[PDB]
Structure formats: structure tokens, C-alpha cells
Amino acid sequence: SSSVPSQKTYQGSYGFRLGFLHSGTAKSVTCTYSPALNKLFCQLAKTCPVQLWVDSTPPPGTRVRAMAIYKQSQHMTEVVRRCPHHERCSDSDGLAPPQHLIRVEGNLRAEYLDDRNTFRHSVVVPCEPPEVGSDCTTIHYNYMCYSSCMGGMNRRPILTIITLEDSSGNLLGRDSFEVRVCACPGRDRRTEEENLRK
């Protein structure tokens, strides 16, 4: 039903790429990234830190956008949205529409887009230089449905596409990662990595 945004990795002029913390797989972890799977595992509505790395500084007014798509070919034309249960939660922070799967945490300049032509959802923030004593910028994302939610993702894998954009929205860079939103991210990362090694 909708055109599919590109997921092709594109570093661009500024050498744009993502990075992830090394959180491990203990029972207490709430967000953990698998480099072998290029896959983030996270709990519902919990902080997911994503690093933005560049080789050179983009202009003021550069923005960073996040959008989810279904990974599998037969589902990629379907808009990823919150399930019929969670979209009816009165849990908006006042910026995010209740249908949106991906939110930004702790940024009052976050903007949420419902695309008038494709109906896809995305959240965009200004790109900012690293804080004092840091080499990268970090964005905190929250995912507001479980991968297993019926009538929503319904156990289908998704990708998050992160795009670096100029102030008009033109593409400057692109990267992406798979996401599973689940109750036990550490256990599930261990299982999927063990499965991969066999």
C-alpha cells in the first residue's frame, strides 16, 4: 500500500554511521545491541541509546530522522504502527501521536511526521555536536510496542532506518539496524546469537 524508503547504507559526504553501547546480556539489561546480527534488543518504552558518528561536522540545521519498516519483502509496503491495544493508550508525552512506534526521549525539539503521501511515521530531531568531552552525539529512542503485539508488528521483524538530513529534508546519510522489542532482551540476544553460531 505504501512506497518503501531505501534501507541502503550511505555514509555520504560527512561519513555518517551509527554506533551502539556495549551493554552485555545480563538479566538486568534493558537495551542491548548485537553486532553479529545488526540487531537491537530492547524492552518496551525503555531508553535505547544510539550514537551518531561523523567524520566531519555537518551544517547547522542538519536533522536526524528515525523510521521503522518491516524487514520481510511481503510486509515492507505495510506501515509500521502501534498495535490496536497500545495505540489507544493515553500515554503520549504531548509530542508523539499515539500511533507512532518510535519516540525520542528527552528532546523538546523532537518533531513527529505523518507522511501525507505514504502515511509512514517518523520522528526527527536537530543534529547537534557532541557535548564537552565526547566524540559522538547520542539520541535516546523508545519503542512503544512489543514485536509480538497482535494486530501490530505481530512477531514480524522490523528495521529502524536512521537518516541524516539537511534542513529541507534532503538525504545526507543513512544507516539502519534490526529491532526486537521484548521482555527479556539479554536472554533473547543470547538465544539468537547462539542460533546464528550453529
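Note that residue numbering begins at 1 and tracks the sequence as displayed.
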Comparing 51-59 with 24-32, which stretch shows the greater average C-alpha B-factor in the deposited entry? 24-32
Higher average CA B factor in the deposited record is what I'm after, so tell me if that's 154-162 or 128-136. 128-136
Sorting the chain's modelled residues by C-alpha B-factor, tell me whether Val123 ends up in the lowest, middle or highest third. lowest
Thinking about Cα B factors across the chain, which third does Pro185 belong to? highest
CA B-factor ranking of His86, expressed as a third of its chain: middle
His100 - Cα temperature factor, lowest/middle/highest third of chain: lowest
Temperature factor at the Cα of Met76, chain-ranked in thirds, falls in the middle
